[PDB]
Amino acid sequence: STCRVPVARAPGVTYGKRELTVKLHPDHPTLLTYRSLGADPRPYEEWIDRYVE
Amino acid sequence: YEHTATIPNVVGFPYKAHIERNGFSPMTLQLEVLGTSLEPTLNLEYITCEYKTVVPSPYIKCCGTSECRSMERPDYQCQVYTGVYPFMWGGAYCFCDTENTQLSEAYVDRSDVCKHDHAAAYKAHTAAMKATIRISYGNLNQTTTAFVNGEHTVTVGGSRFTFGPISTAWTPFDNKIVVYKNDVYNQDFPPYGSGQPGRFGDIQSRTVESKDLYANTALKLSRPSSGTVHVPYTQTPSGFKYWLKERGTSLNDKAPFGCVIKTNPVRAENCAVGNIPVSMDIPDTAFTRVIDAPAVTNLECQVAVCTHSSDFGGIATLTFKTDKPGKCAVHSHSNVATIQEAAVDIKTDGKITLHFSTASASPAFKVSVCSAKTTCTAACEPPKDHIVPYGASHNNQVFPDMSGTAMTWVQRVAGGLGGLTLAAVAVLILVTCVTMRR
Ligand SMILES: CCCCCCCC/C=C\CCCCCCCC(=O)O[C@H](COC(=O)CCCCCCC/C=C/CCCCCCCC)COP(=O)(O)OCC[N+](C)(C)C
Ligand SMILES: *[C@@H]1O[C@H](CO)[C@@H](O[C@@H]2O[C@H](CO)[C@@H](O)[C@H](O)[C@H]2NC(C)=O)[C@H](O)[C@H]1NC(C)=O
Ligand SMILES: CCCCCCCCCCCCCCCCCC(=O)O
Ligand SMILES: CCCCCCCCCCCCCCCC(=O)O
Ligand SMILES: CCCCCCCCCCCCCCCC(=O)O
Ligand SMILES: *[C@@H]1O[C@H](CO)[C@@H](O)[C@H](O)[C@H]1NC(C)=O
């Protein structure tokens, strides 16, 4: 079966000099994930429940 | 025509391979990677899923006695209990107060939806790479798919193309692979027949159509309470559900080189690592003669503006003199910059513009238009955005030109120091010569 799931709002990104800062506004616990595209990735995990930076 | 080239294993980047054929006008070719797939070989070890504890109704031998019977059943338990006095709603089930036995029997069976809900343990080895390549040269523009090894040739407009084997044997999958639906995990699953209760692999089955099932769930049987028919038993919970709610993230979230892991079949796509050697077999029909190709002379290169950004932030103005209009092939013989266009319109005005991408402050790349030669020198600038959503279109060369301002100052300092050192050497040499003279 297929279930309708909510889509989170696009985070607000301010570009720093090889820095990346995002505003996170979740209505509910939301999973944020990123990894590096190079030889040695550094994956991340955190469940976001409030506004964080 | 025999020609070999090496291209990066990057999707969305068009390599420009240039053929200098002797008797014909030069031709520049578009090598575009549309998408790759690293395809490992999977050896299924066993199938793991939730189990099912089947507890039939207990036989209660009213004023009598039975013995336990062994059964060829996985994780089978059979305990007889004497002295039982059960009760029902209407009253006492058996007749004698203490002369009674109850037969407790329980076992583990494959769940009804292992056919649906299960995880497969695999071994991955000998990953086979297959890539999608677009060839567009001259007047043709075609796309074909070929296995990336020195043993596959695909026809492209009469041409024999063979992409020789992946530069590196790197793979994102480990020896042991566990696949659940669309997720792949690098997990050391326990060997077959050595599973522990409460962990992944507590029950193991070789195949979905397997008849033999291994179960190690530490099933235990205990006395029923007085006046109750309930078949007490304490058993370890399923390790499959424990793994499901302790699996975490899959290989898609930790794969290096930006690999995208998919299943059906298990594969890693668009990994950006290594080089793809290319062997080319171009016939005569594709090339053009120099008698019909324009003759380009007096080519100078002057540069108005250049920025060493990820995109083609360099702008090059070329001046030349031709006899007839037509189409030249343009190439950069230096990795410092890469020209965006491979063939431009050649007309009478004798001036053409080019877009190039560089990464160095003072690039020195060389541009050839048809058979002409010239040197392009520029001062590129640090760009505007700290972050862009597209990859770099250059080769990431940051060494400045031998004649750049920084290298100019370095060379001036070195020349002055060397002049002083050679003057001192000459003075000492002359002095020593005079000393041995006297
Ligand atoms: C009078 C001063 C003499 C003292 C010099 C002492 C040298 C320093 C020793 C150790 C430094 C450790 C760092 C590694 C070096 C990386 C270089 C490299 O790797 O060069 C690479 C290749 O170069 C060559 O092919 C050789 C050409 C240069 C070598 C000799 C040039 C003659 C003199 C040198 C000028 C520079 C020094 C003087 C300037 C300072 C004056 C104020 C640069 O090409 P690339 O973009 O691929 O590099 C970027 C790396 N990428 C893209 C892979 C990330
Ligand atoms: C040869 O053809 C391909 C496939 O049609 C061209 O790719 C298209 O490029 C245009 C822009 O001109 C895009 O709008 C299309 O979406 C692309 N089609 C795809 C990706 O399926 C490609 O530019 C051509 N290359 C040449 C002319 O050398
Ligand atoms: C690059 C230019 C080459 C010209 C070299 C010029 C030579 C310098 C002129 C005077 C040199 C004399 C130094 C030797 C010391 C004399 C006293 C002695 O020998 O006892
Ligand atoms: C790099 C500048 C030019 C190179 C020539 C520099 C001249 C240096 C002066 C010469 C040294 C003086 C001569 C006598 C030295 C001695 O024998 O004690
Ligand atoms: C690099 C330091 C010196 C090594 C190279 C030696 C080769 C050159 C020969 C030295 C000069 C010999 C000529 C006689 C003059 C003298 O005795 O000083
Ligand atoms: C990734 O892979 C598929 C097939 O290998 C390809 O069609 C797709 O365009 C690729 N995505 C990217 C990064 O362009």
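Positions of Cβ are backbone-derived with ideal geometry, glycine not excepted, and every protein chain shown enters the neighbour counts. Since every read-out is calculated from the coordinates, none of them should be taken as a lab result.
Scoring B:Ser371 on the criteria (1) of a type in the set (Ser, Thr, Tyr); (2) within 14 Å of another protein chain (Cβ to nearest Cβ); (3) under 16 Å from B:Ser332 (Cα atoms) leaves a single failure, condition (2). Every test in (1) closer than 16 Å to B:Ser111 by Cβ; (2) within 14 Å of another protein chain (Cβ to nearest Cβ) is passed by B:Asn252 save one, and that test is (1). Given the conditions (1) among the small types (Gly, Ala, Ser); (2) under 21 Å from B:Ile177 (Cβ atoms); (3) out of contact with any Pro (no Cβ under 7 Å at 6 or more places or on another chain), which single one is not true for B:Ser225? Every listed condition holds for B:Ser225 apart from (2). With respect to being among the polar types (S, T, N, Q) and out of contact with any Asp or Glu (no Cβ under 8 Å at 6 or more places or on another chain), B:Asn175 fits the description. Does any residue of region B:400-411 turn out to be away from ligand 4 (no atom under 16 Å from the Cβ), within 14 Å of another protein chain (Cβ to nearest Cβ) and either over 30 Å from B:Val11 (Cβ atoms) or without any contact (Cβ under 8 Å) to a residue 60 or more places away in the chain (or both)? Scanning region B:400-411 turns up no residue that is away from ligand 4 (no atom under 16 Å from the Cβ), within 14 Å of another protein chain (Cβ to nearest Cβ) and either over 30 Å from B:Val11 (Cβ atoms) or without any contact (Cβ under 8 Å) to a residue 60 or more places away in the chain (or both).
Yes/no per residue for (1) over 27 Å from B:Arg247 (Cβ atoms); (2) outside any strand (DSSP E or B); (3) in contact (Cβ under 8 Å) with a residue 40 or more places away in the chain:
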| position | (1), (2), (3) |
| --- | --- |
| B:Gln79 | yes, no, yes |
| B:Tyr85 | yes, yes, yes |
| B:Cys94 | yes, yes, no |
| B:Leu103 | yes, no, yes |
| B:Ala124 | no, no, yes |
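If you go through region B:328-345 and pick out every residue that is more than 33 Å from the chain's Cα centre (by Cα) and more than 19 Å from B:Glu20 (Cα to Cα), you end up with 1. Take the conditions of a type outside the set (S, T, N, Q), away from ligand 2 (no atom under 16 Å from the Cβ), within 14 Å of chain A (Cβ to nearest Cβ) and surrounded by 15 or more Cβ atoms within 10 Å (Cβ to Cβ) and apply them to B:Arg267. Does it pass? Here the answer is no, as B:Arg267 does not meet what is asked.
Table: residues versus (1) more than 23 Å from the chain's Cα centre (by Cα); (2) more than 30 Å from B:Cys62 (Cβ to Cβ).
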{"position": "B:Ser104", "(1), (2)": "yes, no"}
{"position": "B:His118", "(1), (2)": "yes, yes"}
{"position": "B:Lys130", "(1), (2)": "no, yes"}
{"position": "B:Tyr137", "(1), (2)": "yes, yes"}
{"position": "B:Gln142", "(1), (2)": "yes, yes"}
{"position": "B:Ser159", "(1), (2)": "yes, yes"}
{"position": "B:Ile166", "(1), (2)": "no, yes"}
{"position": "B:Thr171", "(1), (2)": "no, yes"}
{"position": "B:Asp174", "(1), (2)": "no, yes"}
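Filtering B:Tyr185, B:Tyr192, B:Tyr233 for residues that are aromatic (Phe, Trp, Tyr), closer than 21 Å to B:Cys49 by Cα, more than 14 Å from chain A (Cβ to nearest Cβ) and touching a residue at least 12 places away in the same chain (Cβ under 8 Å) leaves a single hit, B:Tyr192. Among the strands (runs of 3 or more DSSP E) confined to region B:205-291, the ones with at least 1 residues that are under 22 Å from B:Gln187 (Cβ atoms) are located at B:213-215, B:260-262, B:267-269. Any idea which residue in region B:421-438 is nearest to ligand 5 (Cβ to nearest atom), counting only those that are among the β-branched types (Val, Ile, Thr) and under 60 Å from the mean Cα position of the chain (by Cα)? Within region B:421-438, the match that is nearest to ligand 5 (Cβ to nearest atom) is B:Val425. Reported count of residues in region A:20-53, each being hydrophobic (A, V, I, L, M, F, W, C), exposed (fewer than 13 other Cβ atoms within 10 Å of the Cβ) and in contact with a strand residue (DSSP E or B) (Cβ under 9 Å, 6 or more places away or on another chain), is 4.
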